[PDB]
There are 6 protein chains.
Amino acid sequence: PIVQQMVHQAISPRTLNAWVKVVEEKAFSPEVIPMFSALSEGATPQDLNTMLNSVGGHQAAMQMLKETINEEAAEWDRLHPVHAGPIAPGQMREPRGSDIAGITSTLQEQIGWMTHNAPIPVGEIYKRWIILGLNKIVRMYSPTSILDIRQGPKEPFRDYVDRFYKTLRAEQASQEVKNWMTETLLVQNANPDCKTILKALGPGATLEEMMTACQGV
Amino acid sequence: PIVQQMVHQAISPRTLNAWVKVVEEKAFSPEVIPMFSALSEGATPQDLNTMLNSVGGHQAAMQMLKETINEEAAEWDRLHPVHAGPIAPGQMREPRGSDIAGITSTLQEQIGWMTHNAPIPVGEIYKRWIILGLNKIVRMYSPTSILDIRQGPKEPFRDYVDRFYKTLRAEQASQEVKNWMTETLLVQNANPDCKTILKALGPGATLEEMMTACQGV
Amino acid sequence: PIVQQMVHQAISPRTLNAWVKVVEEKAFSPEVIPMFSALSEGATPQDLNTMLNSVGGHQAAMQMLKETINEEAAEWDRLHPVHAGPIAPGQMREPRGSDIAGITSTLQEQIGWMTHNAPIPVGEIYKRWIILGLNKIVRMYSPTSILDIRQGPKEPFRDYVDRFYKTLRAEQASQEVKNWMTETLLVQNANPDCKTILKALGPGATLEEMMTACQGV
Amino acid sequence: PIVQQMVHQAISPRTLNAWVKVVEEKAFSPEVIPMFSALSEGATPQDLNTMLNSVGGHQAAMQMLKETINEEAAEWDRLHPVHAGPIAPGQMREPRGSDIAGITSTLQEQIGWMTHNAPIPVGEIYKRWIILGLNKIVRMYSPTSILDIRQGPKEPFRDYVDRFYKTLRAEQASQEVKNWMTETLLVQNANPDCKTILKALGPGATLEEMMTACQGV
Amino acid sequence: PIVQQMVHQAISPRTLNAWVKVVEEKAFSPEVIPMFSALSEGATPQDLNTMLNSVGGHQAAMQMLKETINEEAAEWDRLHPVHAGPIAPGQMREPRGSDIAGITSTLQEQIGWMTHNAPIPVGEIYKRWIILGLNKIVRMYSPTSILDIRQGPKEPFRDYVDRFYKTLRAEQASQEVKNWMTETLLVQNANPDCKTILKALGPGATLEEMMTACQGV
Amino acid sequence: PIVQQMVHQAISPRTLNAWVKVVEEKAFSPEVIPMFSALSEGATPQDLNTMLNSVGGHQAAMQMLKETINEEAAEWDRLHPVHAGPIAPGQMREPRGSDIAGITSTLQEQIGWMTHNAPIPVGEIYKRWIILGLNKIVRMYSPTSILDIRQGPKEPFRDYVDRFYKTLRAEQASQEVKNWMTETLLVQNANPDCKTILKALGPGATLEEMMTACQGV
Ligand SMILES: [Cl-]
Ligand SMILES: [Cl-]
Ligand SMILES: [Cl-]
Ligand SMILES: [Cl-]
Ligand SMILES: [Cl-]
Ligand SMILES: [Cl-]
Ligand SMILES: [Cl-]
Ligand SMILES: [Cl-]
Ligand SMILES: [Cl-]
Ligand SMILES: [Cl-]
Ligand SMILES: [Cl-]
Ligand SMILES: [Cl-]
Ligand SMILES: [Cl-]
Ligand SMILES: [Cl-]
Ligand SMILES: [Cl-]
Ligand SMILES: [Cl-]
Ligand SMILES: [Cl-]
Ligand SMILES: [Cl-]
Ligand SMILES: [Cl-]
Ligand SMILES: [Cl-]
Ligand SMILES: [Cl-]
Ligand SMILES: [Cl-]
Ligand SMILES: [Cl-]
Ligand SMILES: [Cl-]
Ligand SMILES: [Cl-]
Ligand SMILES: [Cl-]
Ligand SMILES: [Cl-]
Ligand SMILES: [Cl-]
Ligand SMILES: [Cl-]
Ligand SMILES: [Cl-]
Ligand SMILES: [Cl-]
Ligand SMILES: [Cl-]
Ligand SMILES: [Cl-]
Ligand SMILES: [Cl-]
Ligand SMILES: [Cl-]
Ligand SMILES: [Cl-]
């Protein structure tokens with residue numbers, strides 16, 4: 001990574017090992033995406049490729065990630081056309097999509113783009129593309145849909161809310177659609193007892209009020 | 001985090017892993033709140049969101065935390081109205097509530113608000129809101145009330161005090177109300193033997209005197 | 001903590017985790033007090049409160065510690081009366097007892113008192129009070145008294161000395177009283193064989209001479 | 001290693017231990033090669049030889065690695081003929097192939113070549129040769145060929161893709177040949193149900209479309 | 001500790017934990033003394049007392065260590081008489097024996113004696129006394145004497161040499177006496193087969209020659 | 001150790017613990033020698049003696065190591081005769097053999113010889129002697145000879161090569177003799193099937209060609 005006088009560091013064994021263990025244990029659970037970002041703070045494309053390629057197994061998801069990264073690289077290419085000509089002594093060459101992904105750019109070039117003034121944060125751009133692919137994978141590997149989360153007859157409300165917001169965290173929808181799902185399905189798909197209790201509260205009750213209301217049930 | 005010449009560091013694997021393990025092991029026990037603060041010392045909103053989002057499961061509590069943070073952000077908004085206009089070259093833009101929570105503010109902007117003179121410690125404000133939500137969760141997940149802690153007939157006084165001050169630590173009440181609870185319930189709800197022994201001591205005996213008095217019982 | 005150009009650091013996960021594990025494993029054994037001090041070297045009151053509050057369970061002892069700290073704070077208050085008036089631009093405000101314990105003083109104020117010339121080491125004062133309370137707890141949780149340590153008929157002398165100086169380490173008495181206890185009880189409460197062997201040595205034999213004399217027995 | 005003011009560090013116990021454990025656990029799986037590179041970032045030839053020689057067992061593969069490194073060293077020799085003569089006071093001696101591999105060059109000489117201006121990155125050259133040998137080993141120890149990966153009658157498509165791209169990751173072929181293998185064999189060697197489903201999609205469907213199409217099957 | 005611009009550091013959790021585990025696992029085996037020294041490199045008397053007092057159990061040995069340290073302190077006192085008078089502004093006070101052992105000297109005073117020019121390395125003096133006591137303990141807790149190590153009839157020579165030099169490492173004797181013990185007892189107390197084989201070699205054979213000679217036996 | 005502005009550090013707990021565990025687990029396997037060197041990079045004689053003396057058990061091998069180091073010290077003595085006279089203010093005293101081994105030289109003197117211009121790297125000289133003794137031990141504790149490694153009738157070629165180059169790694173012979181052993185015994189001592197297959201390849205086939213040729217067998 002690069003940390004602040006900015007200097008370049010090699011990726012630590014604790015970081016890489018921690019990421020490998022995260023993929024081994026949690027597979028592709030939503031919390032993997034924050035952890036990944038946390039473990040890639042200030043990373044060069046070389047460090048990002050290091051983290052991705054250090055994963056054994058799950059090669060279907062890693063190939064999908066490759067294809068997503070390729071799409072984003074092509075979009076960057078058509079959106080940023082490269083200008084032909086010799087680079088000046090005090091200038092950097094324009095990065096291609098494959099240069100953002102650390103495929104066709106050396107570590108020195110990445111340090112150059114990231115640190116030198118008028119910069120291009122290639123590491124955070126690549127990280128953005130990676131996170132897009134990771135969210136697509138998280139969608140694909142979520143078994144349940146939010147529309148099928150229903151409270152059991154004897155299920156405590158709290159556990160049902162845990163399931164609901166886990167599945168909702170796995171759903172691929174904008175925050176307004178998520179807001180609608182909380183607005184409708186949560187109270188809609190509760191068992192009749194808690195459903196009546198919550199319906200009596202009014203359409204503007206917080207989750208704390210709702211959980212306190214049905215905690216005895 | 002940011003540590004003192006102030007410099008910005010990435011969050012360490014030991015810190016994040018330690019927090020994840022703390023939530024996995026202790027669930028939402030009161031001691032989680034100090035640990036959290038200890039693990040968030042000098043953190044930017046990005047690090048705080050990193051710690052919160054790295055938690056799998058307990059998504060009901062995490063959603064409640066989101067709603068609490070939203071309330072505090074709205075209060076900050078109405079209390080700090082944003083002034084329209086272009087920001088000067090040597091000035092920072094006024095942070096909104098969503099900027100305090102790291103939702104709508106970049107890492108660079110957070111470094112700017114935290115370090116630059118005439119500062120706004122957005123990390124400690126966000127941390128304050130988070131701790132409010134965490135205390136609400138700790139209340140909700142405490143099964144017992146302080147009014148029901150009663151010493152058993154053969155229960156040693158020391159264990160009863162452990163239960164009493166654990167449950168009391170989970171109670172949501174001001175320090176004066178807590179002082180009243182220690183003043184009344186502790187001696188009130190002991191078994192008749194220790195109750196008589198303590199009643200003989202006088203209304204101004206320390207906990208050490210009380211525990212030494214009933215340690216034989 | 002603060003370490004030497006003096007700079008302020010956040011408390012490390014290894015330190016806090018190590019302390020939590022120390023309390024979990026050793027409960028309130030005497031060696032906990034050195035370890036604590038070792039883990040609090042150069043700590044601010046915020047770090048000390050962090051270590052104390054990160055302890056789950058043992059809430060009777062933690063409450064006793066709170067009461068001891070309150071007593072010491074009151075003594076500091078009556079011994080150091082606060083002078084009313086506005087603080088000068090280049091001066092610190094006088095710390096109250098609650099400011100020493102990190103209850104009513106910010107981290108910035110603690111850094112100020114500890115680092116600025118003509119200093120007040122509030123961290124080491126608070127640490128002193130904490131250690132007083134910890135010694136009181138160690139007394140209360142010691143089951144045996146030094147007067148009851150007696151060598152068994154077939155017990156090797158070495159194990160009896162281990163028990164004797166463990167219990168003695170738990171005793172609350174000045175070093176002169178401890179010197180008297182070593183002078184009298186150790187030889188007094190040995191089994192008749194080793195008791196005769198030691199009595200033949202003279203009143204001025206070292207522990208090495210005494211243990212070598214009875215190692216065959 | 002050497003990290004950026006560039007300074008020379010000794011190899012850390014976490015790095016060497018991590019590499020030894022990687023070879024012990026994963027044998028010669030493809031992900032070993034990225035990890036190795038990650039653990040050798042900025043390494044001198046002494047550190048590379050340290051990592052290679054610290055491996056017990058697998059001595060057939062380590063000998064093959066030695067022979068590959070010898071071939072690359074001979075090629076460097078014939079491609080870079082050494083010029084006879086005394087080295088100037090402010091100049092470095094021309095490195096031989098055995099000097100790149102850390103066999104006949106001191107640590108001081110390696111620091112000299114790597115740091116001094118007009119440099120020769122001997123560590124990354126040696127690392128390149130090592131990675132060539134490692135890829136040859138990875139080929140030799142891959143049991144299956146890509147031409148034999150066939151979906152089972154009841155095998156979910158996702159697992160079949162995992163096998164396919166694992167074996168493909170082990171294959172020694174250019175990226176164009178790999179592109180042809182994905183273009184032909186993946187759809188070719190699926191079971192008739194998924195084979196028909198995929199054939200209906202068209203010759204230009206992404207892996208995400210293909211996996212979503214057959215996830216019910 | 002203090003490490004080189006010399007600066008004072010707090011003792012690390014890895015060091016203290018490592019020492020505690022060393023005493024827990026190895027009790028008082030000879031290798032404990034090097035480890036201790038390694039873990040106390042550049043330590044102040046506060047760090048040394050920290051390591052010693054962090055040991056639970058073995059309180060007989062720790063008390064013996066206290067008595068040894070007291071003897072050495074008294075010898076330092078009579079050998080270095082303190083001169084009465086006020087200390088100059090740029091001078092240190094003369095350290096007493098109790099000041100060397102960190103009993104009656106603050107951390108600041110220890111830093112002063114150790115760092116300031118014309119220094120007194122109180123940490124290494126205290127460490128020397130501690131190591132004297134530790135060697136006395138190692139003698140006391142060694143069960144066997146070197147005079148009783150005898151090779152079994154079917155015991156391989158190598159194991160007998162392991163026992164011999166372990167027990168010899170535990171013996172309290174000068175290096176000339178140890179040289180005599182190797183010169184006499186090793187060949188003297190071997191079984192008749194190896195005894196004849198070694199006697200044929202001559203009085204000037206190395207341990208390698210001796211072990212190679214009897215490795216078939 | 002000493003690391004580059006050169007500064008002296010204390011040996012880390014991870015390094016010493018790692019070495020102790022290496023000896024405990026691998027005994028005296030060849031890979032111990034690289035690891036040792038890796039863990040002693042930039043070490044003073046005090047650190048080397050620290051690593052050697054921290055080893056419990058294996059005291060026959062450690063005594064042999066002592067005797068080897070003594071031989072090398074005597075050779076250094078006769079090869080470097082000490083010149084009598086007083087040392088100048090800006091000069092170092094000539095190191096004896098016992099000074100190289102950290103027996104009769106303080107840490108300060110070792111820092112002096114290693115850092116001061118016109119230096120004598122006493123740490124790397126001592127390390128060289130130690131490695132000589134370690135190689136002698138590795139020879140003595142290798143049970144098999146290279147002349148007895150023979151492929152089984154049903155043994156895969158790859159495992160036989162593993163045994164062959166392990167035993168060969170344990171052999172004490174120059175690289176030309178090793179080259180002859182690979183040239184003759186490897187093909188000589190294979191089973192008749194693989195022996196014929198390899199004999200058909202020609203006297204100039206690489207190990208990769210040989211292993212690929214017999215991998216079906
Ligand atoms: Cl995995
Ligand atoms: Cl998954
Ligand atoms: Cl790869
Ligand atoms: Cl651009
Ligand atoms: Cl951009
Ligand atoms: Cl519930
Ligand atoms: Cl969890
Ligand atoms: Cl909970
Ligand atoms: Cl998230
Ligand atoms: Cl503001
Ligand atoms: Cl504010
Ligand atoms: Cl009790
Ligand atoms: Cl606990
Ligand atoms: Cl206890
Ligand atoms: Cl608290
Ligand atoms: Cl004051
Ligand atoms: Cl004071
Ligand atoms: Cl005994
Ligand atoms: Cl291995
Ligand atoms: Cl393999
Ligand atoms: Cl080697
Ligand atoms: Cl060149
Ligand atoms: Cl090149
Ligand atoms: Cl599937
Ligand atoms: Cl112990
Ligand atoms: Cl022992
Ligand atoms: Cl103590
Ligand atoms: Cl003196
Ligand atoms: Cl001295
Ligand atoms: Cl033998
Ligand atoms: Cl061992
Ligand atoms: Cl061995
Ligand atoms: Cl030793
Ligand atoms: Cl010399
Ligand atoms: Cl030399
Ligand atoms: Cl084979």
Side-chain angles (χ1 to χ4, degrees), chain A residues 1-4 6-24 32-56 62 65 100-103 105-115 121-127 130-131 134, chain B residues 1 8-17 47 50 54, chain D residues 1-4 6-23 26 30-44 47-48 50-51 121 123-124 127-128 130-131 134, chain F residues 14:
Chain A
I2 305 178
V3 287
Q4 189 179 26
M6 303 276 288
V7 289
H8 166 64
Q9 298 181 351
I11 186 163
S12 74
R14 299 218 65 148
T15 302
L16 183 60
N17 185 43
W19 168 243
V20 171
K21 296 299 172 298
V22 159
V23 179
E24 289 180 6
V32 166
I33 302 185
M35 297 179 182
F36 176 81
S37 188
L39 302 167
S40 56
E41 190 172 347
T44 55
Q46 176 201 55
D47 302 326
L48 298 174
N49 282 332
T50 282
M51 298 170 65
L52 297 186
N53 293 332
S54 298
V55 174
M62 308 312 294
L65 191 49
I100 310 300
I103 302 294
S105 64
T106 62
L107 178 63
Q108 182 65 48
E109 284 170 327
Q110 299 162 22
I111 305 296
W113 289 310
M114 294 177 66
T115 57
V122 301
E124 302 293 315
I125 301 168
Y126 194 19
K127 181 188 297 185
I130 290 174
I131 291 180
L134 284 172
Chain B
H8 166 64
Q9 298 181 351
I11 186 163
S12 74
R14 299 218 65 148
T15 302
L16 183 60
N17 185 43
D47 302 326
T50 282
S54 298
Chain D
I2 305 178
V3 287
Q4 189 179 26
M6 303 276 288
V7 289
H8 166 64
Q9 298 181 351
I11 186 163
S12 74
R14 299 218 65 148
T15 302
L16 183 60
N17 185 43
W19 168 243
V20 171
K21 296 299 172 298
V22 159
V23 179
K26 304 305 190 64
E31 73 262 16
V32 166
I33 302 185
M35 297 179 182
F36 176 81
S37 188
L39 302 167
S40 56
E41 190 172 347
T44 55
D47 302 326
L48 298 174
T50 282
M51 298 170 65
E124 302 293 315
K127 181 188 297 185
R128 190 176 61 87
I130 290 175
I131 291 180
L134 284 172
Chain F
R14 299 218 65 148

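Quick note on labels: first sequence line is chain A, next is B, and so on, each numbered from 1. No hydrogens, no waters, no symmetry mates; every other heavy atom, side chains included, goes into these values.
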Work out which heavy atom in [X] is nearest to a heavy atom in [Y]; give both atom names and the distance.
X	Y	result
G123(A)	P45(A)	CA-CD, 4.0 Å
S105(A)	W113(A)	CB-CZ3, 3.5 Å
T115(A)	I111(A)	OG1-O, 2.6 Å
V55(A)	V23(A)	CG1-CG1, 3.8 Å
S54(A)	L16(A)	OG-CD1, 3.5 Å
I2(D)	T44(D)	CD1-CG2, 4.0 Å

- request: Start with the C-alpha gap between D47(A) and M51(A), add the side-chain angles, then the distance that decides, and say whether side-chain contact (heavy atoms from CB on, under 4.5 Å) holds.
  value: CA-CA 6 Å; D47(A) 302 326; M51(A) 298 170 65; 5.5 Å; no

message: For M114(A) and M6(A): C-alpha separation, side-chain torsions, deciding distance, then whether side-chain contact (heavy atoms from CB on, under 4.5 Å) applies.
response: CA-CA 10 Å; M114(A) 294 177 66; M6(A) 303 276 288; over 6 Å; no

query: Within the distance-only criterion (no hydrogens, no angle test), does the side chain of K127(A) pair as donor or acceptor with the backbone N or O of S40(A) below 3.5 angstrom?
result: yes

message: Looking at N49(A), is its backbone amide N or carbonyl O close enough to the side chain of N53(A) to form a donor-acceptor pair, meaning the two atoms are under 3.5 Å apart?
response: yes

- request: Calculate, to the nearest 0.5 Å, the distance between atoms CD and OG belonging to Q46(A) and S37(D) respectively.
  value: 6.5 Å

task: Hey, could you give me the CD1/CE distance between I11(A) and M35(D), rounded to the nearest 0.5 Å?
output: 11.5 Å

- prompt: Can you name the ring pair (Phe, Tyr, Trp, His ring centres under 6.0 Å) partners of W19(D), sequence neighbours left out?
  reply: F36(D)

field: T50(B): partners by side-chain hydrogen bond (donor to acceptor under 3.5 Å, both in side chains), with sequence neighbours left out
entry: none

task: Go through the steps to decide whether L107(A) and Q110(A) satisfy the test side-chain contact (heavy atoms from CB on, under 4.5 Å), and finish with yes or no.
output: CA-CA 5 Å; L107(A) 178 63; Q110(A) 299 162 22; 4.1 Å; yes

task: Any chance you could lay out the side-chain contact (heavy atoms from CB on, under 4.5 Å) test for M62(A) and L52(A), step after step, and finish with the verdict?
output: CA-CA 8 Å; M62(A) 308 312 294; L52(A) 297 186; 4.0 Å; yes

- prompt: Any side-chain donor paired with an acceptor under 3.5 Å for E41(D) and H8(A)?
  reply: yes

